[PDB]
Amino acid sequence: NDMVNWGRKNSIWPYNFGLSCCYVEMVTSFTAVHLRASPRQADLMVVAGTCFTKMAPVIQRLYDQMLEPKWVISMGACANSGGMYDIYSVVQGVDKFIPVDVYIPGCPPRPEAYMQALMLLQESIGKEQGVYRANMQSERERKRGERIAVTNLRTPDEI
Amino acid sequence: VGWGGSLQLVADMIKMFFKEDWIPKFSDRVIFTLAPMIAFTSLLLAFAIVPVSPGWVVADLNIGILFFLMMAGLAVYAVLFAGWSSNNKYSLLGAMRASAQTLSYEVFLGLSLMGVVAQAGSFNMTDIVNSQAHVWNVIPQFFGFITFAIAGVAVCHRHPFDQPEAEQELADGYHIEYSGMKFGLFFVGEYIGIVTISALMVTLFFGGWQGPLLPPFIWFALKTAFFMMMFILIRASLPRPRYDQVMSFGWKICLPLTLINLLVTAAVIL
Amino acid sequence: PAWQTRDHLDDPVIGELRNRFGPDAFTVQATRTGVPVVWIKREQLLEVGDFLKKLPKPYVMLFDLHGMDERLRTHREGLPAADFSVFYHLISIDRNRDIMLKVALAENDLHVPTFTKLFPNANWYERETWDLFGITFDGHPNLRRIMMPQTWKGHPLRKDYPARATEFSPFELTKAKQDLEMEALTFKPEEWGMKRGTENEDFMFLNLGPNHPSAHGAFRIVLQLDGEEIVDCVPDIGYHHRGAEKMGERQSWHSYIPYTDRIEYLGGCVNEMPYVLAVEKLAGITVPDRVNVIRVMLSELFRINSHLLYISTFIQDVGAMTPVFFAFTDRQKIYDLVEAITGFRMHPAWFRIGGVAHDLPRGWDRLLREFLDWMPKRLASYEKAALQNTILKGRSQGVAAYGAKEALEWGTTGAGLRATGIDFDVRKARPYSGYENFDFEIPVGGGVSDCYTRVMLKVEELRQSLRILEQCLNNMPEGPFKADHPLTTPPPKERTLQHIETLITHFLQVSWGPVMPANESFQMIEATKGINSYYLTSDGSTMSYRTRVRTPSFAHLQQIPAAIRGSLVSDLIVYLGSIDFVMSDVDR
Amino acid sequence: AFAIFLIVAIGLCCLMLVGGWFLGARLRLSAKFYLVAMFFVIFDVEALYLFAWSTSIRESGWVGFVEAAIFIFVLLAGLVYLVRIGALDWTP
Ligand code: SF4
């Protein structure tokens, strides 16, 4: 029937763990798209910000608390990888210790990127393994002929 | 896009379904399971006393009021076994303070209901629904009506806004340690609670089954819908009141109001 | 010129110190900091500080305390023989002057007497020196590691310690299991500060780490409770340490500029201003007037944005948040002007050494004029909504107040310090970037610093910033956006694309880096919060030898336990909200 | 009737629970001061006399209102007593 999949696509609960920076754009997104998000109740955790070595156990306890179906969105270059901070105090990506499903590059990403992350994540939730032999298609490959056909852009001396 | 308001709740209920349930270690198991249904079944069976129709009455029992008060009193046990099953002094004290303000603000509804059941003079709901034939029992009892409103919105309907958080430090909201289907059980419980409080309010204060120019069951349904929309409007308008201000405007202000309400109704009825 | 290397030996303080101590001990360095740098053996530190504290115009505020490695400097003309050093930057407000004191140390005897007795706010600074270096400060009350965890072996600011994470073992989760075992066994050894109270039923230890909103980052404040009273509060900071200072040593002068934008996420070009000013002081570059006015325009726009964020968050947390959410839309409009000028909403990275990246596009004046005519009506709506309100005003009076002396001793600058009676701005005392040809005032709170005084002062400063921004819109002159000097980095791009010598200068400036001669510069500005400064040391190469970033938020967050002692947890949260602290700034 | 609805409700409870299974020391000053709830335990018993009163008041008449006023006046005196002594105040 696959009604359960529609159930999971239609409704998702976001756990906002945005850190010092990079969360002002996430708030910009959240106040337009949406006190509902609560610990040990959500199934989606939007990791944003620079994952620091000191606070990584906090993210590991919050990952442990949530239920069996766990989804994680990494936002920003500082969370996908170490980003610009390849330094002793920054872990080189959040995927080192928790599995990640969707990666959203940027520094900081835009609210529209968050919107497209929810769209690609309901699209992934609607094809079930989890890969299902459908996720090999990539945005690098899907819009490639769209992007290559671009020729002219407005000159940058204008507003 | 989804065109129905309820479809969001439908998807939410489906989501809460088929979620793995985890056992808590070093915890009691019977109360961890039983605390949701003390909150759910109480306001589910609060629906069993409404005269929705003379021919489709859900229960033709002689007393419905006492059953409602028995469920109102029983509801606290759900917050208490939830507090003890939290097994965290922070969350336990959060549920202790929530049950505190609950017992504090549950006092008023019985004394407010005494006015309408005294001018009605019976516990069988057929007598109440036949009493509001020409004059409804809302014109004289404004104070009783608003006191019952405050009491009805004060029973774990989120108007106090201390359920999932705590203004006072060292403690935490008691909806945290439940994360499986029991959380959906909480939401459906407050949903049946708000609709049953609205239905009881319309059928006990105003006049159900009047039918001025249209069949009376849809008249009852539309009036209930208007009071639903007004309840949601004032719930949204109502800001979060901190614990102190709630304690200040509790037993001091509305116990005298309902006592003079009983005096007024007893003086005017004879 | 205003950039030439001076000794300041003629300064009166040099002659007073020469009279009191006679000869010897003092080596007068030659620098372009504008202030007198003096070396003082470690046996005289307490004497020198005590004399300066009571001097007839005293140095009331300890601006900064930190250390320098100094081991690899080949250009060492005039300095005494040092293998390590610790510098103490002090400021006399009544003199509007500064003094820098450097204590030299040898590698075998890394010991220096603690300076906390004179100025208590130095305590955490010395703690950082124990963490980042291996200097032990005898007489320190709580000498523990403040940035890395307590089992981290190695001192990250030593040059024998590899800077980048790649040189260490990757996140193999060897430490996740050990940190999990440690966190599960959460017990108190009473080593987290003084911890005078014993661990029993009498005193309760509570981490009290606010993860809720408006916390300005996740941090822990270990609290001792007795009768629901704050017996002792000890912050546990350092969670958001990004190693910016260590990063400054391995990046060129040009490619470091993006990192400045992230010292404070809300600052943007304010964080870039002191860095470019210090680098151009090392280069000896005088910029044209158009560069100055452009820099003032961008800095006043970001300052307005920061003030609007502080006002909005304050009115939302302790008041009615329904009307002030329109300011969120207004912030988007401020952003559409910034990304019209610079390109990107946050982290512009637009200031360059010697100028800016491009000129303003030709439709800038109409957009700024539309923002300047539109804003005042909203500003007056907030002025009526905030001056005339009674509920939060009544609530927000006398809540953990302190006076001028209290602010002075605790190094607290900014709106906190302006709330007391000390009239001290750097834009009037030490004009920079052409502020001396503009008319603006510094509001002041009197003698009591609380939340109402801070918001009223912030609104008055926002009005002065809007007056500066309209004067910048009406008197922007014509001419170049980049100085004419071989060290202006990068060259004008149209010149790079056509002229061989300009192309070569651009080639070596963007690839190897510009060669700045070996010297030390220092600049402080008025930031969105307090006074932010940059102390840069170059060894003659294309990279910084030492980068020190003084952020006021570190002092503002260090000050809370001294003032909030004797209050409730609610007063603690209200004070934490009131104080202008951001975790990114505290941990740099 | 009520019995049929109760059987339906308990059958639904059994169905949901079975379906769910198949689906797969010292507090010091903290807490204490529940005595507001004890005041409720006693005051509900006071108001239970009004619960029994509210059914039959038309045949009670003037002495009924008189002694109900005396009763609630005694309750009001006790309430203002508890307020003025400091028992009913801010509570944890
Ligand atoms: S991704 Fe960008 S905005 Fe986000 S934390 Fe990293 S540097 Fe800051």
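Rules behind the numbers
All residue numbers are counted from 1 along each chain's written sequence and may depart from the entry's numbering; residues that have no coordinates are not represented. Chains carry letters and ligands carry numbers; both start at the beginning, A for chains and 1 for ligands, and go up in the order they are written. Values throughout refer to the chains shown here, themselves only part of a larger assembly. As a convention, hydrogens and water are excluded, and side-chain values are obtained from all of the structure's heavy atoms. Residues with missing side-chain atoms are left out of burial classes, side-chain pairs and their counts. Note on conventions: DSSP H or I runs of at least 4 residues are helices, E runs of at least 2 residues are strands, and numbering of each starts at the N terminus. Atoms counted for the radius of gyration: C-alpha only. Globule rule: 2.2 Å times the number of residues to the power 0.38. It only takes one pair of heavy atoms within 4.5 Å for two residues to be counted as in contact. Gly is put with the polar residues, along with every residue not named as nonpolar or charged; the nonpolar set is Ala, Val, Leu, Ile, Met, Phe, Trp, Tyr, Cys and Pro, and the charged set is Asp, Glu, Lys and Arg. In this text, near means that some heavy atom of the residue lies within 4 Å of the molecule or strand in question. Either an automatic procedure or a domain database provided the assignment from which the domain bounds are taken. Here the quantity called buried area is the accessible surface, traced with a 1.4 Å probe, that two parts lose on coming together, added over both. One speaks of a salt bridge when a side-chain nitrogen belonging to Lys or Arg is within 4 Å of a carboxyl oxygen belonging to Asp or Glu.

## Quick word on the overall build of chain B
No. 1: Helices and strands together make up the secondary structure of chain B, namely twelve helices and zero strands.
No. 2: Written out in order from the N terminus, the α and β elements of chain B read α-α-α-α-α-α-α-α-α-α-α-α.
No. 3: Taking 18 Å as the expected radius of gyration for a compact globule of 270 residues, we find that chain B reaches 20 Å, a close match to that expectation.
No. 4: Considering only C-alpha atoms, chain B reaches an extent of 60 × 45 × 35 Å along its principal axes.
No. 5: Counting contacts in chain B only where the partners sit at least 6 residues apart, residues at least 24 apart contribute 77% of the total.

## Considering the interface of chain C and chain A
When the parts of a complex come together, some accessible area is lost, and that lost area is often used as the size of the interface.
No. 1: With 41 residues of chain C at the interface, the matching set in chain A holds 31 residues.
No. 2: Contributing elements (two or more residues each) for the side of chain C that touches chain A: α4 (174-184) and α5 (244-248) of chain C.
No. 3: Top element by residues in the side of chain C that touches chain A is α4 of chain C. It accounts for four residues.
No. 4: Residue composition of the side of chain C that touches chain A, by class: 22 nonpolar, nine polar and ten charged.

## Some points on the site of the ligand
No. 1: Taken together, 13 residues surround the ligand, and among them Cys 21, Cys 22, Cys 78 and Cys 107 of chain A together with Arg 242 of chain C come closest.
No. 2: More than one chain lines the surroundings of the ligand; the residues nearby belong to chains A and C.
No. 3: Grouping the amino acids of the shell around the ligand by side-chain chemistry returns six nonpolar, five polar and two charged.

## Looking at the domain arrangement of chain C
Residue and element names in this part refer to chain C.
No. 1: Domain boundaries assigned for chain C yield domain 1 (12-138) and domain 2 (244-587).
No. 2: Here the C-alpha centroids of domain 1 and domain 2 sit 28 Å apart.
No. 3: Opposite the 34 residues of domain 1 that make contact, domain 2 presents 32 residues.
No. 4: Here domain 1 and domain 2 share an interface that buries about 3,100 Å² over both sides, 60% of which is from carbon and sulfur atoms.
No. 5: Looking only at domain 1, the three residues that lose the most surface to domain 2 are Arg 32, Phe 63 and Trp 124, adding up to 23% of its buried area.
No. 6: Between the two partners, domain 1 and domain 2, sit three salt bridges.

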